[PDB]
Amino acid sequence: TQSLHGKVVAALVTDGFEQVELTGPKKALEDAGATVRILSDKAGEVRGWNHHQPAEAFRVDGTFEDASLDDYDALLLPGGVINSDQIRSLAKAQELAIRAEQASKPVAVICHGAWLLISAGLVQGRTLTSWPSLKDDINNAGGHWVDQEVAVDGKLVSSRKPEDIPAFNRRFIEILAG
């Protein structure tokens, strides 16, 4: 079984993130030996959601403003339409995603989460999947939208919905290990 001991992943979330899109990948990554930190726009706690109902609050380990991608081997971008619509316009979240591309570090994204990638200018020429509502936005941004349980372009790992999470986790672990 692949070990990710020593690996640190940053999950980028604002209030309204799909809770399982963080906790599923977080548990799979922790089971393999990695550390996962939660970064948000504000300090304190960030609220996850189960579909259209608010769910549990999670302790924020750090802010986008304060984060350095030197400290992380990869980014996790959970969906949640509310979180995804909010986070995509945040300059420091965009900067983290841009720095990950420049540094050839994995970015795992799921559901509505690729809006951050569109707005950071990062989907042009890349193949990814997403929740189908984002298909037009990704294609209009220059992306190559495909319908796959888990898409991979280099170290860009993408999935469309919560049911994809098990395969998403397995592929993200393979890509993080290299």
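Start at 1 and count along the sequence shown; that's the residue number.
Annotation for 2 to 10 versus 168 to 176: the higher mean temperature factor (C-alpha) is found in 2 to 10. Relative to its counterpart among 52 to 60 and 106 to 114, 52 to 60 has the higher mean temperature factor, C-alpha atoms as listed in the PDB entry. Across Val150, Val123, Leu134, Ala34, the entry's maximum B-factor at the CA atom is seen for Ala34.
By the numbers in the PDB entry, the CA B factor is greatest at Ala100 among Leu77, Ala100, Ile82, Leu90. Per the PDB record, residue ranking by Cα B-factor puts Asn140 in the lowest third of the chain. Among the modelled residues of its chain, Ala43 has a C-alpha B-factor that falls in the highest third according to the deposited record.
Ranked by Cα temperature factor within the chain, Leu69 sits in the highest third according to the deposited record. Among all modelled residues in this chain, the alpha-carbon of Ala28 has a temperature factor (C-alpha) in the highest third.
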